[PDB]
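S.K.: once you've seen the sequence and the experimental structure below, I've got questions.
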Amino acid sequence: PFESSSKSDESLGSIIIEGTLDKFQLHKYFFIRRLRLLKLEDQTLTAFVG
């Protein structure tokens with residue numbers, strides 16, 4: 001649920017973004033992905049940099 005699913009949370013947000021409902025605010029999935037993936041390994045030295 002941290003970085004093996006860094007592809008999977010992006011793919012799930014992309015599959016939710018295939019639904020075009022409220023496309024300005026349909027990046028709430030992208031906001032949850034940007035919170036989740038960057039908050040996955042927030043304790044790091046360089047691995048969060050990319």
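M.R.: Done, it's in. Numbering: from 1, shown residues only.
S.K.: which ones are touching the residue nearest in space to the middle of the chain?
M.R.: When the chain is reduced to its mean C-alpha position, the nearest residue by Cα atoms, centre = their mean turns out to be residue 33, at 1.9 Å. Under the criterion of Cβ atoms under 8 Å, 6 or more residues apart in numbering, the neighbours of residue 33 are 9, 10, 12, 13. Just so you know, the C-beta spots here come from the backbone N, C-alpha and C atoms, and that holds for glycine as well.
S.K.: quick one: the helices in the chain?
M.R.: 6-17, 28-38 (DSSP state H).
S.K.: any idea how far residue 29 lies from residue 43?
M.R.: Distance of residue 29 to residue 43, given as Cβ to Cβ, to the nearest Å: 25 Å.
S.K.: which one of those two has more residues nearby?
M.R.: Counting neighbours by other Cβ atoms under 10 Å for residue 29 and for residue 43 shows that residue 29 has the greater number, 18 against 6.
S.K.: which ones are touching residue 40?
M.R.: Shown here is residue 40, whose contacts under the criterion Cβ under 8 Å, 6+ apart are 1, 2, 3, 6.
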